[PDB]
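Everything on this sheet refers to the single structure shown next.
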Amino acid sequence: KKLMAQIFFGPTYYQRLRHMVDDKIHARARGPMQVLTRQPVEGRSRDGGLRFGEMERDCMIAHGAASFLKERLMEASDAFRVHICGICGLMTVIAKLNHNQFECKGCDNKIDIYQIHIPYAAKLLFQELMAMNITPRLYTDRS
Amino acid sequence: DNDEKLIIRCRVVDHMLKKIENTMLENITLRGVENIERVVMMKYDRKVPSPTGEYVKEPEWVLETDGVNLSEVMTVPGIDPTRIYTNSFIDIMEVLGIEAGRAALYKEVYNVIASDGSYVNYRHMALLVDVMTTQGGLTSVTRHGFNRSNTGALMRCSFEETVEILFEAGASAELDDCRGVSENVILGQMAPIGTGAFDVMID
Amino acid sequence: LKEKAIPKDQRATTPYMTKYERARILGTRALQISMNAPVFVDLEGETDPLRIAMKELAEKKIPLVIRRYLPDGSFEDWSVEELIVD
Amino acid sequence: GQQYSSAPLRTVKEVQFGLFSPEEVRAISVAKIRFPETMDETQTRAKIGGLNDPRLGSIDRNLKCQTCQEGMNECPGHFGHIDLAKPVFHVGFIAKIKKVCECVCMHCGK
Amino acid sequence: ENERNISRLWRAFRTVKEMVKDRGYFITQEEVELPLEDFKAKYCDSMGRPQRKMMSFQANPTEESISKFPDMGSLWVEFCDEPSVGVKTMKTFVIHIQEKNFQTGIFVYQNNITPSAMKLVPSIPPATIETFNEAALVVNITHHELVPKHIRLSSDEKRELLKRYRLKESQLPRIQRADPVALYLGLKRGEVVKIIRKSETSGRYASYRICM
Amino acid sequence: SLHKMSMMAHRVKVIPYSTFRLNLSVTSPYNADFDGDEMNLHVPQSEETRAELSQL
Amino acid sequence: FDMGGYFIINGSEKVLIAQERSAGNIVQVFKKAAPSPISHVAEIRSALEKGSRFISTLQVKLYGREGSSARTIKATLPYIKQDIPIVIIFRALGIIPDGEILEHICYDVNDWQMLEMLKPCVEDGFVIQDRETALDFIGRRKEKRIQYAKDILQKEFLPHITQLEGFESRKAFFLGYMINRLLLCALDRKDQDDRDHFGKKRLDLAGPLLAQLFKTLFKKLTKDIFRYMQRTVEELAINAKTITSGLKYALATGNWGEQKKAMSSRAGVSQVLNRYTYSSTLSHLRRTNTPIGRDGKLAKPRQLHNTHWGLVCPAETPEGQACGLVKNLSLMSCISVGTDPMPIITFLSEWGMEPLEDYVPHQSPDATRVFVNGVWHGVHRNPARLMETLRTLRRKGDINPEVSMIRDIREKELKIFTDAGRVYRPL
Amino acid sequence: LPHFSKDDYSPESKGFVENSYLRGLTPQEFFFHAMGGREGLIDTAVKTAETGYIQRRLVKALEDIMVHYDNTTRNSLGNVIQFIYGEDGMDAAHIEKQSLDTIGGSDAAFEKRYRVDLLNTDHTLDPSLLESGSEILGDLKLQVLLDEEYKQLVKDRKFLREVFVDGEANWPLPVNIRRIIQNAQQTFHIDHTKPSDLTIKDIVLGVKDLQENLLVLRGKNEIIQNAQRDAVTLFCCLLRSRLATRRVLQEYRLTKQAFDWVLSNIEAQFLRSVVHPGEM
Amino acid sequence: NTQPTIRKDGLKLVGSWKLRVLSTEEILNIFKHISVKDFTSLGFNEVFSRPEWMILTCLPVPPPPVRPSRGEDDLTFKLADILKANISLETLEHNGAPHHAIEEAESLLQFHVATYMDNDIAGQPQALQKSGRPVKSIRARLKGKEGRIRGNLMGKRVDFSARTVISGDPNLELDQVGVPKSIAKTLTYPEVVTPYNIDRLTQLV
DNA sequence: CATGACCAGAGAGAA
DNA sequence: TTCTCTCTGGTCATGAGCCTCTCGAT
RNA sequence: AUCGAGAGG
Ligand SMILES: [Mg+2]
Ligand SMILES: [Zn+2]
Ligand SMILES: [Zn+2]
Ligand SMILES: [Zn+2]
């Protein structure tokens with residue numbers, strides 16, 4: 001059946017441009033991670049992760065989705081577990097898991113030790129501060 | 001004024017005459033207020049209640065400045081000292097107090113948004129100007145402003161001047177509360193945001 | 001400090017359940033149910049853990065308790081049972 | 001996966017910043033970084049006791065360390081130290097240093 | 001041709017009367033709106049000149065003010081015809097205020113004040129003396145559109161405020177001690193004032209600020 | 001991502017071709033156009049974070 | 001269909017992007033901001049075309065705000081701490097009497113305004129009234145003081161006029177010309193100089209870029225040769241790698257330097273030829289950059305200027321960052337290449353130009369100034385005849401057709417440019 | 001352009017395109033239009049970055065502000081920023097621009113609209129609007145409650161005329177009464193002919209009870225009770241103007257059941273409209 | 001005692017003193033003998049933060065995970081710099097070196113420690129590394145948009161993400177999103193097996 | 001690129 | 001004379017939309 | 001990796 005509207009119809013020079021889907025499409029579940037930060041590599045060609053940028057952190061905050069936010073930042077990227085001393089709250093503790101022995105040289109502490117889950121980038125950050133002479137101490141309880 | 005040439009003749013009672021001339025030309029005020037370099041008469045079609053009660057348009061003459069001296073202009077006869085207004089909300093803070101500040105700050109933000117035909121709900125800009133004014137005076141949203149507060153340490157360094165904040169934290173031996181959200185996202189912990197503003201336990 | 005509680009008689013927070021605590025309640029229960037933990041409602045042909053949690057919530061058989069914190073450090077405990085959902 | 005640990009897992013609720021005492025960096029360092037070279041001497045297939053070998057962490061992905069015996073996935077790097085022959089400033093504190101030197105008397109300590 | 005100065009002096013007088021009446025002092029309303037001719041009658045001399053050491057007057061608390069603060073009392077306001085108040089002109093004033101055991105003295109001046117005088121302002125520990133400028137007081141800033149009602153809180157009102165919001169002193173919003181309205185009511189550090197403000201959302205909204 | 005509306009939870013519909021597909025009346029919150037625009041998808045891995053998407 | 005214009009470096013095709021700069025040896029007057037102590041400035045960035053292309057910058061500052069009195073004029077000279085007042089320069093160049101100085105600055109005795117503006121400078125240097133004491137006033141750490149000043153005056157002061165001694169007259173007259181246009185601006189007679197006129201802009205092309213790089217590395221090779229000579233005191237050891245590897249590194253990376261990261265701040269000077277379509281290649285071969293900055297709200301350099309008509313394309317420029325800073329040459333647009341001015345100068349001298357030493361302002365008042373590459377070479381009366389002759393010569397071919405010639409009638413100026421790097425178009 | 005003589009302030013000389021895109025621009029119009037379009041593009045290209053940085057600073061400066069379980073608006077260190085969110089404790093969603101009808105209009109129209117004098121045969125509720133219509137004349141004990149209602153309406157109008165000085169009536173407010181009234185009219189198929197069965201007491205005492213049940217804060221002390229009444233003042237103005245006796249009986253024709261349903265609806269919607277603690 | 005008007009120069013401090021320079025040992029042993037009360041009124045804490053610890057006595061080495069390598073990090077470049085400068089000062093100590101060769105050793109040891117902590121500083125000692133590249137300092141490493149805080153903590157690349165070109169569809173529901181089959185096979189949800197799903201889960205496997 | 005606080009100088013009142 | 005007072009140019013210094021891609025020298 | 005360049009919304 002005819003269209004009630006008549007139609008503008010004729011030849012017109014068109015151009016096919018460099019951007020085509022199959023060169024852009026990208027998807028990744030638990031691929032390879034970087035050496036330094038231990039977070040996903042950058043680039044579709046290296047099977048990389050997309051960036052959860054801090055603007056998107058903002059959006060997830062405004063939504064109130066706290067645990068999805070912590071999920072993106074920890075389990076989907078460079079979660080890590082370190083052992084820290086219960087008095088000098090620093091990642092100094094020598095922990096052998098096979099033999100169940102945790103120690104803190106200098107402090108002489110072997111019984112007040114904790115383990116905690118932080119990003120590996122965060123473990124980095126604190127090690128870099130220590131190399132910078134600043135002592136980032138982390139304590140389990142308020143005091 | 002009748003004579004068609006307007007002349008003033010001044011003798012002292014020769015180079016210092018040039019200094020008297022410079023003083024005269026530059027630093028004598030004939031009239032007016034110290035910073036008001038221009039003034040214009042406009043008409044505003046303000047609406048006001050009629051004696052019958054319904055509102056009506058009662059246009060009024062208003063003068064618009066090209067400069068600001070709030071203190072001295074406000075103390076002038078013939079004007080309404082309760083209705084004076086400037087778009088320099090910081091002068092308002094200095095003369096009429098912090099709360100008048102807040103009100104004018106909101107008015108100017110509201111005007112920059114509504115200028116473009118946009119509308120944003122009162123509470124959002126209200127919160128903005130409340131946080132800017134909740135301290136003594138006017139705190140800006142840039143590195144000199146909110147970011148030199150007592151806002152923990154790690155949250156502070158997540159905006160600007162990162163490593164200097166960290167160094168000052170080392171030196172002053174700051175203790176971080178770890179209730180800021182940026183703190184918890186840094187430690188990969190659940191921040192006290194809507195889902196984590198409370199604990200769950202069983203019956 | 002030491003036992004910063006509040007008596008249930010003197011409670012001033014909303015008697016209604018906030019959307020965020022409903023979301024966390026449903027998520028926690030759907031987690032508990034995704035692991036094979038006992039369901040305390042007759043799942044009438046329903047298999048999704050989340051919808052199991054939602055139906056458990058409508059019949060108020062979810063036995064958790066919210067601990068609402070007020071900024072000084074005090075808290076009010078609120079059973080999911082007494083909370084209004086709307 | 002990062003095996004199981006007897007250590008209790010709690011959360012971080014306080015971060016107390018401060019600065020490193022010499023005594024504590026002595027007391028935390030498991031190695032004297034004496035020699036600058038990374039690799040062991042004679043350009044061998046090894047890491048020298050001088051800087052980057054001694055039980056700071058493995059580099060060949062082989063489960064050896066200072067009382068860790070953990071792979072690189074599980075080993076947090078262990079810190080070391082170097083004794084400087086004579087004290088030297090900290091950049092970020094120069095300003096602060098001068099300011100505190102700005103006005104405190106050289107002789108009396110107040 | 002300086003009835004300009006006359007009118008401005010008279011307006012500063014009206015506003016200082018309004019200030020101490022608003023501070024909780026016994027000033028009549030018929031008293032404050034003294035028309036200009038009556039002001040000329042009382043305080044302009046035979047030269048038509050106004051001499052403003054006669055203007056100075058002693059204000060006494062209302063009954064409600066001793067109900068809510070027993071220790072408010074004995075305020076006497078002094079105008080100065082000596083422009084550019086020097087340190088020993090304030091000498092004059094400060095030992096006047098000390099000799100009569102006055103809790104608070106307000107010292108309006110003209111045009112200028114030496115800093116050497118400024119340092120001796122908190123000379124007497126119990127007495128408090130506040131310095132003003134006529135050009136400021138020619139207009140009552142608190143009459144202005146954008147300035148809502150500040151009400152000084154009693155000590156127990158502030159304790160109740162803190163308990164019922166379970167607050168710390170530092171958690172409360174702040175008002176600058178030299179804030180114009182904080183000065184207009186003689187706010188002292190730590191004193192809280194409650195501000196009642198018109199509201200686009202709720203009509204009436206009450207905020208609170210503490211003096212810093 | 002300037003909005004809370006810049007990040008919204010959707011129901012998956014697996015479909016043949018190579019593009020992400022969405023309804024026209026959701027372009028405005030995203031400021032989306034179909035002129036070469038790209039968009040990003042994130043998948044929850046927990047039960048409660050699934051819930052957080054679906055309920056907030 | 002290939003058009004050439006590119007290089008092949010380690011196999012990849014590489015293009016040189018025309019670097020746009022501001023022309024040297026042209027004098028511009030700039031008003032100063034509202035709180036500045038100084039009111040206006042006359043600036044020349046003096047460049048020596050042949051030789052070491054170092055750039056000196058001479059400022060003539062008019063001190064005093066627009067309503068202030070005691071308004072003095074001082075100049076900045078390349079190796080002395082303080083600005084020194086202009087009359088002290090003048091007397092150090094051998095022009096002693098106040099009247100002669102003003103004659104060098106003011107070219108009409110009936111301009112009482114300009115002379116009234118100059119009065120405070122005559123008062124400023126009244127203390128210094130012979131040439132030798134003027135040369136003495138110089139900031140060094142006694143006779144060597146005078147010698148240092150004498151050297152500076154011909155060495156670093158107005159280097160583009162000449163660096164040979166004995167032409168104090170040309171530099172005095174030119175300093176006076178700069179002062180004249182400064183005062184013209186300060187009297188609200190001429191407007192501020194527009195820094196975004198395209199005519200005052202230059203396009204460094206492949207030739208000049210390669211020449212600047214080649215000078216640097218050839219002198220490195222020369223220094224190496226000299227060092228090998230000294231080493232062999234008693235006993236052809238030329239390193240061709242220096243020139244070859246240097247040229248190749250520049251053309252390859254695009255960082256126009258000898259292995260310097262930030263020192264050769266101009267980077268991306270050499271880029272891979274775009275080969276996506278024919279037109280993409282064609283366009284990439286006519287791209288210009290302007291490095292003045294990469295980031296900021298640079299309103300005025302980014303806007304299409306009136307003078308861009310006919311030389312740069314109105315429509316074709318990137319969007320976003322680098323919009324307006326990246327330009328594309330119009331179809332018939334061309335770029336000058338460089339021509340010896342010396343024949344032009346000789347012809348001018350042969351056809352009426354009186355030299356600047358023999359110029360006597362009050363004796364030939366209505367006399368057109370003649371500039372050639374920003375150098376004031378002399379004066380000409382009857383400029384209509386000379387201009388007709390010059391144009392007929394250029395159109396005949398006897399003057400290079402890329403040389404440009406402008407007769408500003410209402411300011412009595414004639415400016416000839418034999419420059420390299422100015423965009424022109426046929427008509 | 002070099003195609004113009006000097007000192008030419010003409011329209012076409014200085015950039016007036018008298019041609020349309022349909023007819024086509026001349027070369028000078030083309031170039032001048034290009035000059036304008038370039039300014040457009042650069043304004044675009046840098047406003048983008050300036051607003052990106054502005055948004056970043058806004059967010060990082062406000063990021064920690066959240067509604068707490070006492071509805072105070074605080075930050076990381078607990079410092080109060082607002083004592084109640086948005087000065088009314090309402091979520092910014094489910095808030096609609098409804099008009100306050102006691103602002104504006106003549107006092108003549110005002111009193112025609114809300115005044116009922118049971119002591120005036122001409123200004124009382126006609127028996128066409130009420131089952132108790134003809135018992136109601138005289139009856140000073142019902143006129144006392146009606147006088148109380150009218151006096152509150154008057155106090156409200158002056159309060160609202162001194163809040164919104166311009167006389168603006170339409171403001172964003174939490175419960176759309178207009179639609180609840182239309183919902184009532186439709187649910188109960190009100191026929192606008194038979195008189196209601198509401199007692200004047202029904203309407204009056206019910207509206208006052210409803211104002212009592214509009215909680216935003218719940219502590220039982222005078223500070224927070226006054227905070228509560230401050231929060232609902234504007235809305236209660238809207239409510240009184242909307243649920244005034246002559247309005248309910250003569251503009252709406254609400255039966256008693258429909259009116260009670262309106263009351264329960266307003267309460268339900270209102271308490272829904274409060275912000276949730278934890279809101280960021 | 002009269003005390004000097006102090007001023008900056010490079011990275012050492014000099015005072016007019018109504019003349020000389022102030023050793024690191026100098027200021028530091030002034031800093032040991034300060035009473036505790038003036039620490040604390042000066043904003044310092046007796047346990048964590050004492051001004052004597054602003055000076056650096058002996059420097060903590062970070063482990064390889066901070067400075068990993070086919071290549072070699074700039075941080076270990078600069079650490080080897082610091083160490084050989086330090087052992088050179090030790091040698092010049094042991095060999096009774098001249099009066100102002102010790103100042104070269106000292107001044108550059110401090111230059112090296114300074115540049116290892118933070119490289120961008122006024123006076124423009126750029127401190128370029130191998131291949132004429134400026135040494136990346138720890139400060140510059142954790143500073144900036146792409147720095148550690150803003151780049152790996154406040155935001156990061158994440159797993160279970162996808163991205164591609166979008167187009168519209170008249171026939172999807174507004175809350176829906178079209179997932180290409182390739183993406184939908186690339187991303188996975190972890191599902192604990194239960195009686196309610198075990199059959200469809202076995203089918204999926 | 002470009003907008004702007006901190007000293008450090010030196011002119012500048014009072015007792 | 002002292003002391004507190006204003007009180008401005010040379011500085012050094014900050015960030016500067018998000019992603020996203022691809023390429024190309026060291 | 002690092003530096004840089006081009007491009008896309
Ligand atoms: Mg688009
Ligand atoms: Zn320890
Ligand atoms: Zn280990
Ligand atoms: Zn001492």
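We name chains A, B, ... following the order of the structure tokens; residues begin at 1 in each chain, and ligands are numbered from 1 as shown.
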
Within 7 Å of ligand 1, counting only C-alpha atoms (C1' of nucleotides) and all ligand atoms: which residues, as a list in words?
-> residues 32, 33, 34, 35, 36 and 37 of chain F; 9 of chain L

Those in chain A with strand (DSSP E or B) from DSSP, as a ChimeraX atom specification = /A:26-28,33,40,50-52,79-85,94-96,101-104,109,113-119,134,137-139

For chain F, which residues have at least one atom within 12 Å of chain B, if we go by only C-alpha atoms? Write them as JSON, numbers by chain, please.
-> {"F": [48, 49, 51, 52, 53, 55, 56]}

Next, the residues of the selection above should be written as a CSV table (one decimal), in the first residue's frame with N, CA, C and O atoms.
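Okay, part_30.csv is ready:
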```
chain,number,residue,atom,x,y,z
F,48,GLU,N,24.1,-10.2,45.8
F,48,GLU,CA,23.7,-8.9,46.3
F,48,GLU,C,24.0,-7.7,45.4
F,48,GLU,O,23.3,-6.8,45.4
F,49,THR,N,25.1,-7.8,44.7
F,49,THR,CA,25.4,-6.8,43.7
F,49,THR,C,24.4,-6.8,42.5
F,49,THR,O,23.9,-5.8,42.1
F,51,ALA,N,21.4,-7.7,43.0
F,51,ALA,CA,20.3,-7.1,43.6
F,51,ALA,C,20.4,-5.6,43.6
F,51,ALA,O,19.4,-4.8,43.4
F,52,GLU,N,21.6,-5.1,43.9
F,52,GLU,CA,21.8,-3.6,43.9
F,52,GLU,C,21.5,-3.0,42.6
F,52,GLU,O,20.9,-1.9,42.5
F,53,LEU,N,22.0,-3.6,41.5
F,53,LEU,CA,21.6,-3.1,40.2
F,53,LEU,C,20.1,-3.1,40.0
F,53,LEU,O,19.5,-2.1,39.7
F,55,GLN,N,17.6,-3.2,42.0
F,55,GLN,CA,16.7,-2.6,43.0
F,55,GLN,C,17.0,-1.1,43.2
F,55,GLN,O,16.2,-0.4,43.9
F,56,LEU,N,18.2,-0.6,42.8
F,56,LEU,CA,18.5,0.8,42.8
F,56,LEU,C,18.8,1.4,41.4
F,56,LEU,O,18.2,2.4,41.1
```

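Residue nearest chain A within the list C:23, C:5, C:17, C:70: C:23 [criterion: smallest interatomic distance, only C-alpha atoms].
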
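Candidate residues G:42, G:370, G:251, G:102 were compared for distance to chain K, and the nearest is G:251, using only C-alpha atoms (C1' of nucleotides).
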
Neighbours of residue 82 in chain I within 10 Å (only C-alpha atoms (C1' of nucleotides); same-chain residues fewer than 5 positions away dropped), as a PDB file with C-alpha atoms, in the first residue's frame?
```pdb
ATOM      1  CA  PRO D  36      74.545  -1.072  43.827  1.00  0.00           C
ATOM      2  CA  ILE D  82      71.032   1.589  53.451  1.00  0.00           C
ATOM      3  CA  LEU D  84      74.043   6.898  54.550  1.00  0.00           C
TER       4      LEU D  84
ATOM      5  CA  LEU I  59      67.239   5.255  53.747  1.00  0.00           C
ATOM      6  CA  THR I  76      66.660   1.066  40.720  1.00  0.00           C
ATOM      7  CA  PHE I  77      68.724   3.266  38.370  1.00  0.00           C
ATOM      8  CA  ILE I  87      79.971   4.397  49.149  1.00  0.00           C
ATOM      9  CA  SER I  88      82.063   7.062  47.427  1.00  0.00           C
ATOM     10  CA  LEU I 108      75.261  15.219  45.217  1.00  0.00           C
ATOM     11  CA  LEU I 109      74.336  12.472  47.698  1.00  0.00           C
ATOM     12  CA  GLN I 110      71.589  14.791  48.834  1.00  0.00           C
ATOM     13  CA  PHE I 111      70.776  15.670  45.205  1.00  0.00           C
ATOM     14  CA  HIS I 112      70.346  11.961  44.456  1.00  0.00           C
ATOM     15  CA  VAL I 113      68.169  11.196  47.482  1.00  0.00           C
ATOM     16  CA  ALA I 114      66.148  14.318  46.675  1.00  0.00           C
ATOM     17  CA  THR I 115      65.593  13.357  43.043  1.00  0.00           C
ATOM     18  CA  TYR I 116      64.738   9.766  44.026  1.00  0.00           C
TER      19      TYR I 116
END
```

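Residues with any atom within 6 Å of residue 90 in chain D, counting only C-alpha atoms (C1' of nucleotides) and excluding same-chain neighbours fewer than 2 positions away, are residues 92 and 93 of chain D; 55 of chain I.
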
Expected answer as a tab-separated table (two decimals) with N, CA, C and O atoms, in the first residue's frame: residues within 7 Å of ligand 4, only C-alpha atoms (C1' of nucleotides) and all ligand atoms:
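What landed in result31.tsv:
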```tsv
chain	number	residue	atom	x	y	z
D	105	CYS	N	66.01	28.41	68.51
D	105	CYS	CA	67.38	28.83	68.77
D	105	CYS	C	68.35	27.69	68.50
D	105	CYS	O	68.06	26.52	68.78
D	106	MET	N	69.52	28.03	67.95
D	106	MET	CA	70.51	27.00	67.62
D	106	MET	C	71.04	26.32	68.88
D	106	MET	O	71.21	25.09	68.90
D	107	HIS	N	71.30	27.09	69.93
D	107	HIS	CA	71.95	26.52	71.11
D	107	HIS	C	70.94	25.82	72.02
D	107	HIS	O	71.01	24.61	72.22
D	108	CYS	N	69.99	26.57	72.58
D	108	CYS	CA	68.99	25.94	73.42
D	108	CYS	C	67.94	25.25	72.55
D	108	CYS	O	67.67	25.66	71.42
D	109	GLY	N	67.37	24.19	73.09
D	109	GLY	CA	66.48	23.36	72.32
D	109	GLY	C	65.02	23.73	72.40
D	109	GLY	O	64.15	22.92	72.10
I	1	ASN	N	71.93	33.66	72.44
I	1	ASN	CA	72.63	33.71	71.17
I	1	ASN	C	71.76	34.33	70.08
I	1	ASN	O	70.54	34.13	70.04
```

Check every residue of chain H for an atom within 12 Å of chain I, counting only C-alpha atoms, and provide those that qualify as an mmCIF file with C-alpha atoms, in the first residue's frame.
```cif
data_model
loop_
_atom_site.group_PDB
_atom_site.id
_atom_site.type_symbol
_atom_site.label_atom_id
_atom_site.label_comp_id
_atom_site.auth_asym_id
_atom_site.auth_seq_id
_atom_site.Cartn_x
_atom_site.Cartn_y
_atom_site.Cartn_z
ATOM 1 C CA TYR H 53 36.950 20.210 35.541
ATOM 2 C CA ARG H 56 35.127 17.103 38.950
ATOM 3 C CA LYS H 60 35.159 15.794 44.990
#
```

Step by step, measure atom-to-atom distances between ligand 3 and each residue using only C-alpha atoms (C1' of nucleotides) and all ligand atoms, keep those at most 9 Å, then write them as a PyMOL selection string.
-> (chain A and resi 94-96) or (chain D and resi 55-58+63-72+74-78)

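The residues of chain A lying at most 7 Å from chain F, with only C-alpha atoms taken into account, are residues 21, 22, 55, 56, 59, 62, 63, 65, 67 and 68 of chain A.
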
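Residues from chain B found within 7 Å of chain C are residues 194, 195, 198, 199, 200, 201, 202 and 203 of chain B, counting only C-alpha atoms.
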
Give me the residues of chain D that have any atom at most 10 Å from an atom of ligand 2; for each, the nearest atom pair and the distance in Å, rounded to one decimal. Use only C-alpha atoms and all ligand atoms, sort by chain and number, and format it as JSON lines.
```
{"residue": "D:24", "atom": "CA", "partner": "ligand 2", "partner_atom_place_in_ligand_line": "1 (Zn)", "distance": 9.4}
{"residue": "D:27", "atom": "CA", "partner": "ligand 2", "partner_atom_place_in_ligand_line": "1 (Zn)", "distance": 9.4}
{"residue": "D:28", "atom": "CA", "partner": "ligand 2", "partner_atom_place_in_ligand_line": "1 (Zn)", "distance": 8.3}
```

Output N, CA and C atoms for every residue in that selection, as a compact mmCIF listing (two decimals), in the first residue's frame.
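Output (result.txt):
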```txt
# COMPACT_ATOMS: atom_id res chain seq x y z
N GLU D 24 63.71 2.31 63.59
CA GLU D 24 62.72 1.37 63.09
C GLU D 24 63.05 0.88 61.68
N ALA D 27 65.26 -1.70 62.20
CA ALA D 27 64.58 -2.82 62.82
C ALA D 27 63.60 -3.52 61.89
N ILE D 28 63.39 -3.00 60.69
CA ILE D 28 62.45 -3.58 59.73
C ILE D 28 63.17 -4.16 58.52
```

For residue 72 in chain C, work out the shell of residues within 10 Å, counting only C-alpha atoms (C1' of nucleotides) and skipping chain neighbours fewer than 5 positions away, then give it as number ranges by chain.
-> C: 4; E: 165-168; H: 78

If we count only C-alpha atoms (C1' of nucleotides), what is near residue 119 in chain I at a cut-off of 9 Å, once residues fewer than 4 positions away on the same chain are taken out, given as a VMD selection string?
-> chain I and resid 114 to 115 125 to 127 134 to 140

Keeping only N, CA, C and O atoms, take the residues you just selected and write them out as an mmCIF file, in the first residue's frame.
```cif
data_model
loop_
_atom_site.group_PDB
_atom_site.id
_atom_site.type_symbol
_atom_site.label_atom_id
_atom_site.label_comp_id
_atom_site.auth_asym_id
_atom_site.auth_seq_id
_atom_site.Cartn_x
_atom_site.Cartn_y
_atom_site.Cartn_z
ATOM 1 N N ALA I 114 67.219 13.377 46.967
ATOM 2 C CA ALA I 114 66.148 14.318 46.675
ATOM 3 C C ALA I 114 65.429 13.950 45.388
ATOM 4 O O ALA I 114 64.195 13.898 45.343
ATOM 5 N N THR I 115 66.193 13.680 44.331
ATOM 6 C CA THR I 115 65.593 13.357 43.043
ATOM 7 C C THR I 115 64.916 11.993 43.065
ATOM 8 O O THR I 115 63.949 11.774 42.327
ATOM 9 N N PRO I 125 67.426 21.321 38.472
ATOM 10 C CA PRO I 125 68.262 20.108 38.344
ATOM 11 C C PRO I 125 67.362 18.984 37.824
ATOM 12 O O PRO I 125 66.745 18.195 38.570
ATOM 13 N N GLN I 126 67.246 18.943 36.508
ATOM 14 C CA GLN I 126 66.346 17.998 35.850
ATOM 15 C C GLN I 126 66.637 16.546 36.216
ATOM 16 O O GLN I 126 65.697 15.771 36.426
ATOM 17 N N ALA I 127 67.911 16.179 36.365
ATOM 18 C CA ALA I 127 68.298 14.808 36.706
ATOM 19 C C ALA I 127 67.808 13.797 35.658
ATOM 20 O O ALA I 127 67.016 12.895 35.938
ATOM 21 N N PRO I 134 64.202 12.126 31.717
ATOM 22 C CA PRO I 134 64.153 12.518 33.132
ATOM 23 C C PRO I 134 63.745 11.347 34.015
ATOM 24 O O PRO I 134 62.815 10.601 33.695
ATOM 25 N N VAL I 135 64.464 11.183 35.130
ATOM 26 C CA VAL I 135 64.130 10.137 36.088
ATOM 27 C C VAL I 135 62.705 10.334 36.577
ATOM 28 O O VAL I 135 62.322 11.433 36.999
ATOM 29 N N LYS I 136 61.905 9.272 36.512
ATOM 30 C CA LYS I 136 60.572 9.299 37.100
ATOM 31 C C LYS I 136 60.701 9.116 38.606
ATOM 32 O O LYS I 136 61.222 8.098 39.075
ATOM 33 N N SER I 137 60.244 10.109 39.357
ATOM 34 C CA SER I 137 60.339 10.087 40.806
ATOM 35 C C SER I 137 59.098 9.444 41.412
ATOM 36 O O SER I 137 58.042 9.361 40.782
ATOM 37 N N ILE I 138 59.245 8.980 42.656
ATOM 38 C CA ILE I 138 58.118 8.377 43.365
ATOM 39 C C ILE I 138 56.962 9.367 43.464
ATOM 40 O O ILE I 138 55.791 9.010 43.250
ATOM 41 N N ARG I 139 57.273 10.628 43.786
ATOM 42 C CA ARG I 139 56.261 11.678 43.806
ATOM 43 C C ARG I 139 55.505 11.732 42.483
ATOM 44 O O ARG I 139 54.277 11.605 42.449
ATOM 45 N N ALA I 140 56.234 11.904 41.376
ATOM 46 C CA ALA I 140 55.592 11.961 40.069
ATOM 47 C C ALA I 140 54.909 10.649 39.727
ATOM 48 O O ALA I 140 53.966 10.637 38.929
#
```
